[PDB]
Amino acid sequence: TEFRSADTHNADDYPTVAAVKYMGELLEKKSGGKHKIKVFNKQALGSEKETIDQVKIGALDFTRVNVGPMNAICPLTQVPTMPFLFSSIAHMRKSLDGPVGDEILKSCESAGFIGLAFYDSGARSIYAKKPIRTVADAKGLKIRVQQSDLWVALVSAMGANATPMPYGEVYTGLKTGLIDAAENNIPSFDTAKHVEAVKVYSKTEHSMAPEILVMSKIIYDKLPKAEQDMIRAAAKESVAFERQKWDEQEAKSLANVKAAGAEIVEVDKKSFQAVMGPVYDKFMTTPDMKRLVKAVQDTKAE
């Protein structure tokens, strides 16, 4: 069959878009040409929230979203969203590739989603019209976040005025001053054109919330076991491809925004980490969540 998958990003070569296209190529190979994936980027099939609901009801086969908008519907996705959980991108990758990530992926089935892969999304940092070097600088800042209660809390802990909005509304919001700031990785800051509106990128690195690729359980459950396995393998094998593309995009977008006049600022990251204890207290509240946070931070470096 020809499966459909959604992505919000406009660029046809954005790493997440390229990665699901690569997954499709692998699936064609593994299935002897039976199965294919068509990737609808440019939010053609809806916002992240909308596509999650379409996958839930089986109208859409796959969606590639960030964990943020999955925080309510698949609560263990909150774990890798948590601020300053991971010590480095290497730590994140090892954690997500191992038993922690695999358990989180499996946990979404209870809500109607087959979790297939985590893709890299770098670290998210504040961008605004002024430098945010300490948490005091963030006080009162009108900053967009994703549609997630955890995210509202995360940024509120900095003293900021968290403003949940869909991704597609952020560019115009920044241009018109409806919002002061937002937060994201550099490729998003670049490719969504947020850098056109605000130039100061303060490296708070306050989350490494990854992307998650999910399939509709309704659709998955009707496929033969052998074909379910092909899909899972193709997704898993696409992660290494996504990461190589992601590394390249990190560099390309950094060059783009520096050339465009962005001011990249180092910050007192401990200032921001020091306010996050209550976020763990208020969100990491179940045995599974506590166990998985601990497993992540018990992970040994290579």
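Residue indices: 1-based, along the sequence shown.
Look at the mean CA B-factor for 172-180 and for 71-79 in the entry; the higher one is 172-180.
44-52 and 261-269 differ in mean CA B-factor, and the higher of the two is recorded for 261-269. Ranking 89, 126, 105, 85 by the C-alpha B-factor listed in the PDB entry places 89 at the top. Within the selection 211, 190, 221, 97, the deposited Cα B-factor values reach their highest point at 221. Annotation for residue 30: CA B-factor lies in the highest third of the chain's modelled residues. Annotation for residue 121: C-alpha temperature factor in the lowest third relative to the rest of the modelled chain, per the entry. Among the modelled residues of its chain, residue 202 has a C-alpha B-factor that falls in the middle third, as given in the PDB entry. Compared with the other modelled residues of the chain, the Cα B-factor recorded for residue 5 ranks in the lowest third. Sorting the modelled residues of the chain by their CA temperature factor places residue 160 in the middle third.
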